[PDB]
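Below, in structure tokens: the form deposited in one PDB entry, a single chain.
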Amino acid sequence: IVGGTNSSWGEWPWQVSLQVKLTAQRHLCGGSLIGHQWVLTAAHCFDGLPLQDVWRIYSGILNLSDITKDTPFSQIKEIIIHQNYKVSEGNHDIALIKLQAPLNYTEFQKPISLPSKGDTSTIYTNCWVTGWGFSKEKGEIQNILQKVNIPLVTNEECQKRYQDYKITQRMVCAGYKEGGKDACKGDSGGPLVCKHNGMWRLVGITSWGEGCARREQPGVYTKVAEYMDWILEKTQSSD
């Protein structure tokens, strides 16, 4: 996260860190707990290995440097990548992770609310993006979970900034014209959440953009509302 600030405990209790351990352990992506055994993230987080014994999923963690050998983590039972995701194209950048065991809910480990299958965001005037990603282009992972407040931008205005692609109704864009606040490398798969009437809810999944926090280059997010039929079908079927 570029231009953000350090979060406090309980602000973002759905945020998870998706890490891999081979010989060394590293944070690769964000994710959102959406149910007691389900995490929602980006499909592109799995380009590279989908052999899921490598993954360690940390929840209830605000500061990564706080992680030790004894810190509990979740393992992966199943990975469900959207059947129409193609890495080169970038459409349908969404994936579900089923955990090997359900998690007990606490003030620091709770699911984010999901939108209904057909909303518009114009009530979403207060949106935030979180993660442990770089604080600048060619930066490094941040220890304390970062938060940043970013305005949503219309797909028409987003499309102007990206003539090379492809801005569909299944994407949502957010950013500042002057730049300086944005998601960045390591923030993939994490939440774009908006607060409405005192309830938070998941509007987007951090996906792509040109560089980080550049002027007139907003962040592009998978629009969760447009995949709610898919999310319901896959999780009900698997359960």
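Note that the rigid core is defined as the largest set of C-alphas that superpose within 1.5 Å between two forms. Note that residue numbering follows the sequence shown and begins at 1. Residues that one form lacks are left out of the comparison.
Just so it is clear, the following notes concern the form deposited in another entry, a form of the same protein that is not shown.
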Flagged residue of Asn104, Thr120, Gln163, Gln83 - C-alpha shift reaching 2 Å or more between the shown form and the other one, core superposed = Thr120
inquiry  = Please check whether, in the other entry, the CA atoms of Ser121 and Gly219 lie closer or farther apart than here, given a change of 3 Å or more.
reply    = farther
Cα distance between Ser17 and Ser121, which in the other entry differs by 3 Å or more from this form, closer or farther = farther
message = Counting only residues modelled in both forms, where do runs of 3+ with a CA shift of at least 2 Å appear between the shown form and the other one, relative to the core?
response = 50 to 52, 87 to 89, 120 to 123, 237 to 239
